[PDB]
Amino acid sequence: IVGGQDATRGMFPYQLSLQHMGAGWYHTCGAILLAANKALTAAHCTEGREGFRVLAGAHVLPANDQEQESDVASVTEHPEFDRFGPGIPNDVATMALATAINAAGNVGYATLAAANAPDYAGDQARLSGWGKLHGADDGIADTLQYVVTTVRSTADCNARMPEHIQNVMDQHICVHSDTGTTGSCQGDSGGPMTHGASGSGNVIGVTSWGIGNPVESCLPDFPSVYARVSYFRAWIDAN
């Protein structure tokens, strides 16, 4: 997260760290805890890869402070996920957890936007995750970050985009500050967009993509694009 701050423990009880197996674990994406054995993330976090675990109730990743964790038994990416198509369509995926994650301590299940939800244009919302704090940074954040921002309409999103990347769709939900100082970054993908500025809010988006340049992989000067949960609610529940 760019332009944000440390979260407080238990602020986002459904926030997961999705970790991929290489030379040791490494945080590759955020995820969203939906139930005891079910999680939600971005499809581009899992397509073509295997060997995952999720950390629940974590705060400082280097501290190994997760309250619970589970191996990922299987992943179901959206059948129409097009990783390299304009706008990265249908960038959602569910995950079956080998170990049950209980609603206890700083861990809880997200409430998702309903299928008939409004577009939330102009509403406040929060982005969370362990993504990089700046586009030029080498590594991700150690402590869970969050930032308050503003949901924008489809046309507003594309107007704020580079003229050659006006690929925001109604199946997306984007956020952007008029100061151009806040947004998501690599490592935040797959995490939740939480409705509202404070307190409990529905998860209304899944971190998908953003804009970079030759020196910064993420830029708050342009919107951060999420997969709209209300658009994918029926599919997520069914898969």
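From 1 onward, residues are counted along the sequence shown.
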Using only the Cα atoms and their B-factors as the entry lists them, report which of 22 to 30 and 206 to 214 averages higher.
22 to 30
Mean CA temperature factor from the deposited coordinates, higher in 147 to 155 or in 160 to 168?
160 to 168
Taking the Cα B-factors listed in the entry, which of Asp82, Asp119, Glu77, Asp137 comes out highest?
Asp119
Scanning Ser128, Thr99, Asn90, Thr94 for peak Cα temperature factor in the entry gives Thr99
Modelled-residue ranking by C-alpha temperature factor, third containing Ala56
middle
If you rank every modelled residue in this chain by C-alpha B factor, which third holds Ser230: lowest, middle or highest?
middle
Would you please rank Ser189 by its C-alpha temperature factor against the other modelled residues of its chain and give the third it falls in: lowest, middle or highest?
lowest
For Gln68, the third of its chain by CA B-factor is the highest
Temperature factor at the Cα of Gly201, chain-ranked in thirds, falls in the lowest
